[PDB]
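Fold and contact review
Listed here are the chains, written in short residue letters.
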Number of protein chains: 4
Amino acid sequence: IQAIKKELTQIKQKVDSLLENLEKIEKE
Amino acid sequence: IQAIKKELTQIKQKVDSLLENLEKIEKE
Amino acid sequence: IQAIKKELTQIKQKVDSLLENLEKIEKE
Amino acid sequence: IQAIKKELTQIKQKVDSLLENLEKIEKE
């Protein structure tokens with residue numbers, strides 16, 4: 001459970017980063 | 001944006017549904 | 001594992017579908 | 001495309017890494 005909860009939370013955060021990037025181009 | 005944005009939000013919701021599944025532990 | 005593996009496989013499949021839709025640039 | 005494309009491929013690979021981790025079952 002706990003390690004997969006961390007990895008899935010990292011997926012939501014990377015998928016949110018692509019929303020942030022699409023609102024301009026490729027933000028870093 | 002809008003099409004990819006809706007689908008990225010769907011990926012977050014499926015990944016969050018996966019968090020809710022793991023919390024049952026050793027289920028289906 | 002088995003259902004979680006199927007859910008994660010569907011994330012790869014939807015995420016790959018967004019590559020296909022991005023390649024058109026002007027489709028939804 | 002190219003940035004979002006690279007980053008969706010990073011989602012596929014992080015989701016695939018989760019399959020490889022789930023195959024241990026008793027560890028992480």
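Residues numbered from 1 in each chain as written, not as in the entry; some residues may be left out. Chains lettered and ligands numbered in written order. Heavy atoms only, no water.

As documented in the archive entry, the model was determined using solution NMR.

Tallied over the full model, the rule gives 9 salt bridges over all chains. Of the charged contacts in the structure, one is a salt bridge between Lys5(A) and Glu23(B), with a shortest N-O distance of 2.8 Å. Of the two residues, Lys5(A) is situated in helix α1 (residues 2-22) and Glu23(B) in the segment after α1 (2-22); the pairing between them involves two chains. Residue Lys5(A) is classed as partly exposed on the basis of its relative accessible area of 28%. When its relative accessible area of 47% is taken as the criterion, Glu23(B) is described as partly exposed. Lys14(C) is paired through a salt bridge with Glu7(B); the nearest N and O atoms lie 3.9 Å apart. Highlighted residues: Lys14(C) in helix α1 (residues 2-24) and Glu7(B) in helix α1, drawn from two different chains. Using a relative accessible area of 25% as the deciding quantity, one classes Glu7(B) as partly exposed. (Salt bridge = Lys/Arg side-chain N within 4 Å of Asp/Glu carboxyl O. Helix = DSSP H or I, 4+ residues; strand = E, 2+ residues; numbered from the N terminus. Buried < 20%, exposed > 50% of the residue type's maximum accessible area, 1.4 Å probe, protein only.)

A few words on the interface of chain B and chain A. Contact with chain B, which involves 14 residues of that partner, is made by 13 residues of chain A. Approximately 1300 Å² of surface area, both sides summed, lies buried where chain B meets chain A, with 84% of it carried by carbon and sulfur atoms. Together, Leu8(B), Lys12(B) and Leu19(B) form the three largest contributors to the area buried by chain B at its contact with chain A, with a combined 41%. Here chain B is connected to chain A by 3 salt bridges. Split by residue class, the side of chain B that touches chain A holds 9 nonpolar, 1 polar and 4 charged. (Contact = heavy atoms within 4.5 Å. Buried area = accessible area lost by both parts, 1.4 Å probe. Nonpolar A, V, L, I, M, F, W, Y, C, P; charged D, E, K, R; others polar.)

Counting residues in hydrophobic clusters, the biggest one holds 28 residues, and the most contacted among them are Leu8(A), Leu8(B), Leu8(C), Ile11(C), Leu8(D) and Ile11(D). For this core, the secondary structure elements donating two or more residues are α1 of chain A, α1 of chain B, α1 of chain C together with α1 (2-22) of chain D. Ignoring any residue separated from it by four or fewer positions in sequence, one finds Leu8(D) in contact with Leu18(A), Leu8(B), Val15(C), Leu18(C), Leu19(C) and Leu22(C). (Core = buried A, V, L, I, M, F, W, Y, C linked by side-chain atoms within 4.5 Å.)

In the contact formed by α1(B) and α1(C), the axes pass within 11 Å of each other and the chain directions differ by 175°. In terms of orientation, α1(B) and α1(C) fall into the roughly antiparallel class. In this structure, α1(B) contributes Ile4(B), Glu7(B), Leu8(B), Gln10(B), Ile11(B), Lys14(B), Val15(B), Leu18(B), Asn21(B) and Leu22(B) to the contact, and α1(C) contributes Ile4(C), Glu7(C), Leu8(C), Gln10(C), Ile11(C), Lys14(C), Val15(C), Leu18(C), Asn21(C) and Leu22(C). Partitioning the contact of α1(B) with α1(C) into residue classes produces 12 nonpolar, 4 polar and 4 charged. (Axes fitted to C-alpha atoms, helices over the stretch in contact; angles between N-to-C directions. Parallel < 35°, antiparallel > 145°, perpendicular 65-115°, else oblique.)

Our focus in this paragraph is the environment of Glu23(D). The class of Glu23(D) is exposed, set by a relative accessible area of 61%. On a C-alpha basis, the gap between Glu23(D) and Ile4(D) in space is 29 Å, while along the polypeptide they are 19 residues apart.

So, on to the side chain of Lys12(B). Tracing the backbone through its elements, the reader meets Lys12(B) in helix α1. A polar side-chain atom of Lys12(B) sits 2.7 Å from a polar atom in the side chain of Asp16(A). Apart from the residues within four sequence positions on either side, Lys12(B) is in contact with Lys12(A), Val15(A), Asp16(A) and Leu19(A). (Polar contact = N/O pair within 3.5 Å; in protein donor to acceptor, adjacent residues only side chain to side chain.)

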